[PDB]
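Notes follow the structure.
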Amino acid sequence: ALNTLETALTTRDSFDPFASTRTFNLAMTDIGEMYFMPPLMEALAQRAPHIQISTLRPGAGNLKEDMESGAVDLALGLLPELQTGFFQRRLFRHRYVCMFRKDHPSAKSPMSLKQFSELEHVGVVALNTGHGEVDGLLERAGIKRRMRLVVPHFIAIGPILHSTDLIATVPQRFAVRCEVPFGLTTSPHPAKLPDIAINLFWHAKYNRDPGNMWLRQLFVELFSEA
Amino acid sequence: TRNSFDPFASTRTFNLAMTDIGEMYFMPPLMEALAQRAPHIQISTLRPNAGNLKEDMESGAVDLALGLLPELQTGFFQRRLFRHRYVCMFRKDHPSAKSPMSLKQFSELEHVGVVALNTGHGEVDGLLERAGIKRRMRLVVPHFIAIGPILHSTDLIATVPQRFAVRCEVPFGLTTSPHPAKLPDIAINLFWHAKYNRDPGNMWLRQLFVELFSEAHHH
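From first to last, the protein sequence lines stand for chains B and A. Each residue of the first sequence is one higher than the one before, counting from 76 in the entry's author numbering. Each residue of the second sequence is one higher than the one before, counting from 86 in the entry's author numbering.
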């Protein structure tokens, strides 16, 4: 409360996007990095050519603490622990989808729940993320899956689906970075999987820092569906 | 179960430690081979900096590990699979980047760096610094997942293991040059605990790894 009256009465560091050499530190998941970073860096080349960006996974250590000190400027995803002293803004919802190689010998779009349960799958654990909940969701619905392979993260999924008959359950924004590169198609998901809201977060201490505001607005401009 | 092994009917789950580059390189052709040769086994993987690897290999929770992994000494057998070289990578229609790239151009273009902490690839940054090669580090990420898409959409360049380049080159429309710096090659080995040296199932998986990936016999 009383650090909002001190941190508003302070003079603000100027921000000129053509001249800034500031480094902005951003927390995001592996899917975030793959979704956000290509179009963000494309935009920054034309708009703020001398700033630097570095990212990190929230799943390291004390994101909250590091956001309060200014060590991390912004965070993206579903980050339930960030509540008191944090603003937030919803960018979009992840819709889950089934993915497999273009010329899979039996897989169809749209895919019935029956065929989903007949086929063999790769799964991704994605510990402590929204996507980490997909496994429990399907199990609790009594939807049987032959789990031929399980991996902890998303990196190998495109190449694995390319060169096997496995199928995967995947956020649709992941699918879009993979369909063409890896010769893959998608189907609407046959199960009842709920969406995952992806939010942009920042600490209150930087609510009026012009650099921080400038970067947030660019995220909203490029990524907001809302 | 234990004292002999039949690939074609086994239902066993094998648990494999691998980095993100390893997972991307090893898993597609491994799974392709397993579909024909052992269609009912299951595979699960994890990263070596997860859990406690030395301890989990002793207990049999982790069957095999792949990588440089210099801490697996007493108690552990190892076998060389290949060395890979660092290359430099960029989109095929980059306005100016060429192969083979000069050090001058390397130090003039803009880079995406990969931290790859607690990994052999984590030494890159320091190695370049100490030899006085300058880089404008425009983006730094902790791991390799977004590199292909990032290079496709920008004029950035990256220093990347060559086995990464072979998975990304064609899917993302990228080119690779030999790397102008003198970065050391990184050895990639297959590791197993002594207690499982003579376990039939483990032995069979190991032989498959050697068959698909070992490069001893062509130089």
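Every residue gets a Cβ at the ideal spot worked out from N, C-alpha and C, and that includes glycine.
Quick one: which chain A residues come within Cβ less than 9 Å of B:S129? In the first sequence, residue 129 of chain B corresponds to position 54, counting from 1. Chain-ordered, the chain A residues with CB closer than 9 Å to the CB of B:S129 read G198, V200, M222, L224, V225, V226 and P227.
Would you verify that the beta carbon of B:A231 is, or is not, closer than 7 Å to some beta carbon of chain A? Taking the first sequence and counting its residues from 1, one reaches residue 231 of chain B at position 156. Taking Cβ atoms only, chain A reaches closer than 7 Å to B:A231, which makes this a yes.
In terms of residues, what are the limits of the alpha helix (DSSP H) holding B:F249? For this step, residue 249 of chain B is matched to residue 174 along the first sequence. Taken as a continuous stretch (DSSP letters only), the alpha helix (DSSP H) holding B:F249 covers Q247 to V251.
My understanding is that B:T244 touches B:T104, with C-beta atoms under 8 Å, so please give their C-beta distance in whole angstroms. Translated into the one-based positions of the first sequence, residue 244 of chain B becomes position 169. Translated into the one-based positions of the first sequence, residue 104 of chain B becomes position 29. Going by Cβ atoms, the distance from B:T244 to B:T104 rounds to 16 Å, so no, they are not a contact pair.
Which same chain residues end up closer than 8 Å to B:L259 when comparing Cβ atoms and leaving out the 5 residues on each side of it in sequence? The residue you call residue 259 of chain B lines up with position 184 of the first sequence. Exclusion of the five residues before and after B:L259 leaves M174, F175, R176, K177, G233, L236, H237, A250 and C253 as the residues of its chain whose Cβ lies within less than 8 Å of its Cβ.
Which of the three DSSP states, helix, strand or coil, is assigned to residue 373 of chain B? The structure shown does not extend to residue 373 of chain B, since chain B is modelled only from 76 through 301, so no value can be given for it.
Candidates A:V200, A:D210 and A:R122, of which the one nearest A:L293 by Cα: The residue labelled residue 293 of chain A in the question sits at position 208 within the second sequence. Taking only the C-alpha atoms, the option nearest A:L293 is A:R122.
Neighbouring residues, chain A, relative to B:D240 (Cβ below 9 Å): Locating residue 240 of chain B in the first sequence gives position 165, counting from the first residue. Ordered by position in chain A, the residues that pass the 9 Å Cβ test against B:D240 are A120.
Limits of the alpha helix (DSSP H) - the one that A:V295 falls within: Numbered from 1 along the second sequence, position 210 holds the residue referred to as residue 295 of chain A. That run of the alpha helix (DSSP H) goes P285 to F298.
Could you pull the DSSP bridge partners for A:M222 from this structure? Your numbering for residue 222 of chain A matches position 137 in the second sequence. A:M222 has A:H196 as its beta-bridge partners, per DSSP.
Which whole-angstrom value describes the C-beta separation of B:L138 and B:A102, a residue pair presumed to lie in contact below a C-beta threshold of 8 Å? By 1-based counting over the first sequence, the position of residue 138 of chain B is 63. By 1-based counting over the first sequence, the position of residue 102 of chain B is 27. Confirmed, about 6 Å.
Which residues in the same chain as B:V226 place their Cβ atom closer than 6 Å to its Cβ, once the five residues preceding and following it in sequence are excluded? Within the first sequence, numbered from 1, the residue matching residue 226 of chain B stands at position 151. Same-chain partners within the cutoff: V199.
Here's the rule: buried if 16 or more other CB atoms are within 10 angstroms of the residue's CB, otherwise exposed. What is A:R223? In the second sequence, residue 223 of chain A corresponds to position 138, counting from 1. So A:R223 ends up on the buried side.
Presumed contact (8 Å Cβ cut-off) between A:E195 and A:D240, rounded CB distance: By 1-based counting over the second sequence, the position of residue 195 of chain A is 110. By 1-based counting over the second sequence, the position of residue 240 of chain A is 155. Rounded, the Cβ-Cβ distance is 7 Å, consistent with contact.
According to DSSP, B:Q127 sits in a beta bridge with which residue or residues? As a position in the first sequence, residue 127 of chain B is number 52, starting the count at 1. B:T98, per the DSSP bridge assignment.
Given that B:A120 touches chain A, what residues does it touch there, using C-beta distances under 8 Å? Here the question's residue 120 of chain B lines up with position 45 in the first sequence. Under the 8 Å cutoff, chain A gives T239 and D240.
Run down chain A in chain order and give the residues with a C-beta less than 9 Å from the C-beta of B:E214. In the first sequence, the residue the question calls residue 214 of chain B occupies position 139. Result: empty, since nearest Cβ-Cβ is about 16 Å, beyond 9 Å.
Same chain, Cβ closer than 7 Å to A:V172, five either side skipped, listed in chain order: On the second sequence, position 87 is the one that residue 172 of chain A refers to. Answer for A:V172: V245, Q247, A250, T261, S262, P263 and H264, listed in chain order.
For the stretch 87-99 of chain A against the stretch 201-217 of chain B, do three or more pairs of beta-carbon atoms, one drawn from each stretch, fall closer than 8 Å, so that the two count as touching? No, the stretch 87-99 of chain A does not touch the stretch 201-217 of chain B.
Since A:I128 meets chain B, which of its residues come closer than 8 Å, beta carbon to beta carbon? Walking along the second sequence from the start, residue 128 of chain A turns up at place 43. Per Cβ cutoff of 8 Å: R223, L224 and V225.
Rounded to whole angstroms, how far is the Cβ of B:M222 from the Cβ of A:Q127, which I believe are closer than 8 Å? As a working note, residue 222 of chain B is residue 147 in the first sequence. As a working note, residue 127 of chain A is residue 42 in the second sequence. So it is a contact: roughly 6 Å between Cβ atoms.
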